[PDB]
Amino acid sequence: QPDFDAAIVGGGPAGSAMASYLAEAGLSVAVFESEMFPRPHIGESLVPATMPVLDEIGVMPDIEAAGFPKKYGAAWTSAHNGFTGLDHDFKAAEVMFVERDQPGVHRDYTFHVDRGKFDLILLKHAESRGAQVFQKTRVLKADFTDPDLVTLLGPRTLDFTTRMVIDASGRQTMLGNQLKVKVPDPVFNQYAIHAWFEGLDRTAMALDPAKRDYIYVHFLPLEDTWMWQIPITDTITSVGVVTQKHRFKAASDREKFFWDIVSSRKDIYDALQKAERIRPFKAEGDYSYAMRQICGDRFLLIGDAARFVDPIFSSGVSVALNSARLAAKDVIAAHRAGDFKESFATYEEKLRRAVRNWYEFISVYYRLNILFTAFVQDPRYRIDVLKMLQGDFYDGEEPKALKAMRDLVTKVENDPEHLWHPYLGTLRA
């Protein structure tokens, strides 16, 4: 007599994807979302590992019809020790996703996206495939009896019953907090400040005007600080700064600080000065964490609710989408067999490994800093580095690039006369 077979907390990319998979499989599914869509949300530039999932669940047409800017590649700018391919020294690197064959991907492009629209399309698509979706409905607790009662809408409180809970709460980590298994990263503590601008000329930063719809990461000449530049429409562009919380606390105000930091680079500063900010400044903080358990009897965690690290590689949505995919296979087998913790270990193992790679790849980047440019551009490393940049880490093998980069960061770190020793970033793992 439970209301649902599964209940999903949160309707972002993880939640919507999960529900859509579960409904196609024949389960009674509910999705609870405390907001009303469309709702603004950070995390806009996708990587091609999103696409197989979006195809599989049958939403690509609806995505294609939305008119999001296509993303053909990614670029880095800023302002040799045997490395080559460096046509522009360390002021520019570029890569195109099609340079490497990626399994499950048959296109040249993915998308940069207004998350408001993007999440709405996935959430309505979940409804079209059978899921019961409940907006402005906040889940307060999962009370663990033979099912779970979820306790939840305006002045009214209501309960619903499920055999299984799936936490897709993102950074609000509902069950992570409820069960007290959330662990903040002992090193990463970056802080993001961002906004949307209209009329920035994306040709400014572009070496070649065909590449101006790439994502641009702009390294700044401070410690562990950079900026993103992401197309949202022809005319609107999402810009954000990322730095250490300590820097932000070392200073005194969100706007003033954003511009101060951007002021470290004249060209971009002036370029942004030609634009009109179309949205208030929002901040993201305390977002690097993991969980000691990501599953238990009658629950599991997907998307940012299970982990998040740092958005330097634009992979968060692909992780949310692919964690949903993997978790579905386990939830479906558990439902059929009538048995909901150890039922979820395959999902756990495959996500632990996947996310270790992303993590370890990010730690290198920060130690490497600007030297990272060299690995994009040098052809011994370019294609391996691109595997990671594609979001492709759901494989047995340890990525070859991560080994090479780690080994090389070590040798540089230990040797104070190494040509690159002065260019090391200052955040370590």
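All residue numbers refer to positions in the sequence shown, first residue = 1.
**Student:** Please count the deposited residues lying between residue 340 and residue 341 that the model leaves without coordinates, and give the class: none, 1 to 3, 4 to 9, or 10 or more.
**Tutor:** Going from residue 340 to residue 341, the model skips 1 to 3 residues of the deposited sequence.
**Student:** Between residue 252 and residue 253, how many residues of the deposited sequence have no coordinates in this entry: none, 1 to 3, 4 to 9, or 10 or more?
**Tutor:** In the record, 1 to 3 residues between residue 252 and residue 253 lack coordinates.
**Student:** On average, are the C-alpha B-factors higher in 273-281 or in 314-322?
**Tutor:** Higher mean C-alpha B-factor: 273-281.
**Student:** Read off the CA B-factors in the entry, average them over 19-27 and over 6-14, and name the higher stretch.
**Tutor:** Comparing 19-27 with 6-14, the higher average CA B-factor belongs to 19-27.
**Student:** Among the candidates 101, 167, 114, 304, give the one with the maximum CA B-factor reported in the record.
**Tutor:** Answer, based on the entry's C-alpha B-factors: 101.
**Student:** Quick one: which of 260, 185, 297, 119 has the biggest Cα B-factor according to the entry?
**Tutor:** Top of the list by C-alpha B-factor: 260.
**Student:** Going by the entry, which third of its chain does the Cα temperature factor of residue 84 land in?
**Tutor:** Ranked within chain, residue 84 CA B lands in the highest tercile.
**Student:** Sort the modelled residues of this chain by their C-alpha B factor and say whether residue 346 lands in the lowest, middle or highest third.
**Tutor:** Residue 346: CA B-factor falls in the middle third of its chain.
**Student:** Thinking about Cα B factors across the chain, which third does residue 163 belong to?
**Tutor:** Its C-alpha B-factor belongs to the middle third of this chain's values.
**Student:** If you rank the chain by CA B-factor, which third does residue 40 end up in: lowest, middle or highest?
**Tutor:** It belongs to the lowest third of the chain when residues are ordered by C-alpha B-factor.
**Student:** Give the position of residue 397 by CA B-factor within its chain, expressed as the lowest, middle or highest third.
**Tutor:** Highest third of the chain for residue 397's C-alpha B-factor.
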